[PDB]
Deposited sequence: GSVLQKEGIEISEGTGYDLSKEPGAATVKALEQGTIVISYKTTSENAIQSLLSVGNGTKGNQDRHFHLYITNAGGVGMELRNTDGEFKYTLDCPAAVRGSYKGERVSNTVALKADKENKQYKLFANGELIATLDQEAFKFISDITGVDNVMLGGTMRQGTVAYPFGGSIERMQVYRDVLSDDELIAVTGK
């Protein structure tokens, strides 16, 4: 992993800044890679970012990436650099249990121009875009955080609970590894 955290408890609304951590610079420029997160939510917020990487400055609220969960057992991601540039999304319903640990992962595979989302030992969605993008295509990325997404200096999409384990890889893990690692 280029960045890893474990056992991080987050109060709803606060987030947990990773922007100064060794490895954060690498995460802020990812051209592809893999993100694996085990978590337990205690929040009823409708959209809860587990990990985000983006531009937190004024007027750049549509320039970010996040991997998120919902209050209805959903898992998704959005990858955005304003709608005119790109708004790539995956949103999967009823993928996890709607006080229970879950493990999710996102793979972004530049060679295949594919994004794959996994939850609890299952591939739940795949996206192929003619114009592949990732974090390095977002303009002005300046922050990495757990448990929310910075939008004009405000913590948006606020998570509450535990980030049990978070790992970010520059490498693109195989579908078998991700089935295995997102299992029990």
*How would you list, in order, the spans of the deposited sequence that the model does not cover?*
1, 100-104
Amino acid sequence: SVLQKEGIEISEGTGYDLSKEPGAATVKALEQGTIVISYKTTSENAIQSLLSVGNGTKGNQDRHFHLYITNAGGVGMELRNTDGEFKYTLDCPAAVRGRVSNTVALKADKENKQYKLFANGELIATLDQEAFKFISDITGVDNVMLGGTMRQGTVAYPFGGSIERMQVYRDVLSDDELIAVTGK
From here on, numbers count along this sequence of modelled residues.
*asked:* Going by the mean C-alpha B-factor recorded in the entry, which is higher: 88-96 or 110-118?
replied: 88-96
*Between 41-49 and 142-150, which has the larger average Cα B-factor in the PDB entry?*
41-49
*For the listed 63, 66, 28, 58, which has the peak Cα B-factor recorded in the PDB entry?*
58
_Quick check for you: using the entry's CA B-factors within this chain, is residue 71 in the lowest, middle or highest third?_
highest
*Based on the entry's values, in what third of the chain does the Cα temperature factor of residue 81 lie: lowest, middle or highest?*
lowest
*For residue 168, does the deposited CA B-factor place it in the lowest, middle or highest third of the chain?*
middle
*Rank-wise, by C-alpha B-factor, drop residue 36 into the lowest, middle or highest third of its chain.*
middle
*Relative to the other modelled residues in the chain, which third contains the C-alpha temperature factor of residue 127: lowest, middle or highest?*
lowest
